[PDB]
Amino acid sequence: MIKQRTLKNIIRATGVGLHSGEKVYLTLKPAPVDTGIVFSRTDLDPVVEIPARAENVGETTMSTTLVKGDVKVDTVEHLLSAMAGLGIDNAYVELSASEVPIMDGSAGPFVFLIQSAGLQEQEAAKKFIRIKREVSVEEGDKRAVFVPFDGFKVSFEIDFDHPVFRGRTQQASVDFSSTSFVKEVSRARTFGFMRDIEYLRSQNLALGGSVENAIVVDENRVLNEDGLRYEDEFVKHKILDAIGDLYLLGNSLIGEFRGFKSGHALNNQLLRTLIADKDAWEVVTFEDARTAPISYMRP
Ligand SMILES: C[C@@](CCc1ccc(-c2ccc(OCCCN3CCOCC3)cc2)cc1)(C(=O)NO)S(C)(=O)=O
Ligand SMILES: [Zn+2]
């Protein structure tokens, strides 16, 4: 059987919010079967809890934001990508401020902190959302699509009209049966344009942004002294973002995602369309891991 997973021990981390620039304390706690991932604002009295589900996404400007009334949890995509990649179904995510810490700009530090603590398999079958029919959303020149596939595969195409992006890999495809999320996706960092820093800052975005937590792109080069971790790091980060955003379904997917210049807004619109079209999906479990089309690393 493919079992549900939680954390073996409590995990603590500190950082700054990419967009707010605020210092934040993060705690990851084990949770019972069928809890899902629940964010908690512990700096508030009373404490506000927000399940990490598509219905709770309130803003998609330059990150995915969870909203409950006037309470927000910003930039959940990188932590959710780490949790999806490691197969964590149930956990409590406590935060001392309105934004998840950016860390090094990738899912790498989250994956390491989680794997250092270890995972705990739970006595319940892990539920998956299996894609039965193609579901596609478009808006202008952007496209996000779910296609049936017996496993989990992500394809992505970006197209930035900038010298640092031309001649560089702008398309990547990753099948999770033959490719490790940890090795090939988790370390891909977020990126931004230095030209836009003053504009973004006037919109309350990228206030904590620097070479320490992002690939900062200048007019003709990457500013980061040590360069890139991957030649295709930019498109690999978009795959990391898609994995995190898709995890807002509340379960792992059995299918294929294809992104064409898409981002947080369109990824959430694709989940809303899928959720609504009940003939395009179903909940499945694998009562025998020996015959399942997917496998997870040892806990
Ligand atoms: C939305 C998205 C990007 C988020 C994002 C947005 C902006 C920046 C960003 C932009 C400029 C910058 O210059 C800092 C200026 C520093 N200067 C340099 C010159 O010296 C003084 C300091 C630092 C950081 C970084 C990341 C994401 O990852 N969401 O998850 S994406 C990849 O999907 O588009
Ligand atoms: Zn990102």
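From the backbone N, Cα and C atoms, a Cβ is placed for every residue, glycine too.
Record features, source Swiss-Prot:
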type	residues	note
BINDING	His78, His237, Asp241	Zn(2+) binding site
ACT_SITE	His264	active site, proton donor
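Structure with Swiss-Prot features highlighted.
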residue: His78; record: Zn(2+) binding site; CB count, 10 Å: 30
residue: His237; record: Zn(2+) binding site; CB count, 10 Å: 27
residue: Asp241; record: Zn(2+) binding site; CB count, 10 Å: 25
residue: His264; record: active site, proton donor; CB count, 10 Å: 22
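Neighbours of the Zn(2+) site: apart from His78, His237, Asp241, residues of the same chain with C-beta atoms within 8 angstroms of the site's C-beta centroid are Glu77, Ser81, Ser106, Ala107, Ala188, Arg189, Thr190, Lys238, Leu240, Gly244. The separation of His264 (active site, proton donor) from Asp241 (Zn(2+) binding site), Cα to Cα, is 8 Å. Put simply, the residue listed as 'active site, proton donor' is 12 Å from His78 (Zn(2+) binding site) when counted between their Cα atoms.
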